[PDB]
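Sequence first, structure after; it's an experimental one.
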Amino acid sequence: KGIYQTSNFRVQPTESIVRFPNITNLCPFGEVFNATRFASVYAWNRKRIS
Amino acid sequence: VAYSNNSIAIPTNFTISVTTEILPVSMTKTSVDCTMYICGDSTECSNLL
Ligand SMILES: *[C@@H]1O[C@H](CO)[C@@H](O)[C@H](O)[C@H]1NC(C)=O
């Protein structure tokens, strides 16, 4: 006979929610991977992907 | 103290004084859920616990 503390509760997850910006275009990985000429290691090229 | 072998001092009046004394009695009753504090709502982390 007495009062007993138990485990904390929270509501179980029901579904998964994904919220992303509605961007449609694809960056050209073809000009990165299927590129013709590659720069040297002392003059390595950096391309911005955004 | 003006001590002597035949001299004594007797008070002729008195003063009633009130002094304040403060003592702690209780403490804030805290309760911690160990599973929640270690990692919340994670079943994989709870399995490792
Ligand atoms: C890149 O080359 C691979 C290998 O042939 C090919 O499957 C792929 O379609 C090419 N991608 C582009 C964008 O040309």
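Ah, there it is. Numbers count the residues shown, from 1 in each chain, chains lettered A, B, ... in the order given.

what's the residue closest to the geometric middle of chain A?
The centroid of chain A falls nearest to residue A:20 when counting by C-alpha atoms, centre = their mean (10.4 Å).

measure it to residue A:48 for me?
21 Å (C-beta to C-beta, to the nearest Å). Heads up, the C-betas are built off the backbone N, CA and C, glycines and all.

Flag every residue of chain A that's near chain B.
Chain A has residues A:5, A:7, A:8, A:10, A:13 near chain B, with proximity defined as C-beta under 8 Å from any C-beta of the partner chain.

want to try JSON lines for those, with neighbour count and secondary structure as columns?
Output for the residues of chain A next to chain B, formatted as JSON lines (neighbours: other C-beta atoms under 10 Å in any protein chain shown; DSSP: H, G, I helix; E, B strand; the rest coil):
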{"residue": "A:5", "neighbour count": "7", "secondary structure": "coil"}
{"residue": "A:7", "neighbour count": "8", "secondary structure": "coil"}
{"residue": "A:8", "neighbour count": "13", "secondary structure": "coil"}
{"residue": "A:10", "neighbour count": "8", "secondary structure": "coil"}
{"residue": "A:13", "neighbour count": "9", "secondary structure": "coil"}
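
just curious, which of those residues is nearest to chain B?
Checking those against chain B by C-beta to the nearest C-beta gives residue A:8 as the nearest, at 4.2 Å.

What ranges does the chain have for its helices?
No chain specified, so I'll use chain A. Applying DSSP state H to chain A gives helices spanning A:30-33.

ah, I was thinking of chain B
Under DSSP H, chain B gives helices at B:34-38, B:43-48.

Fine by me, we can end here.
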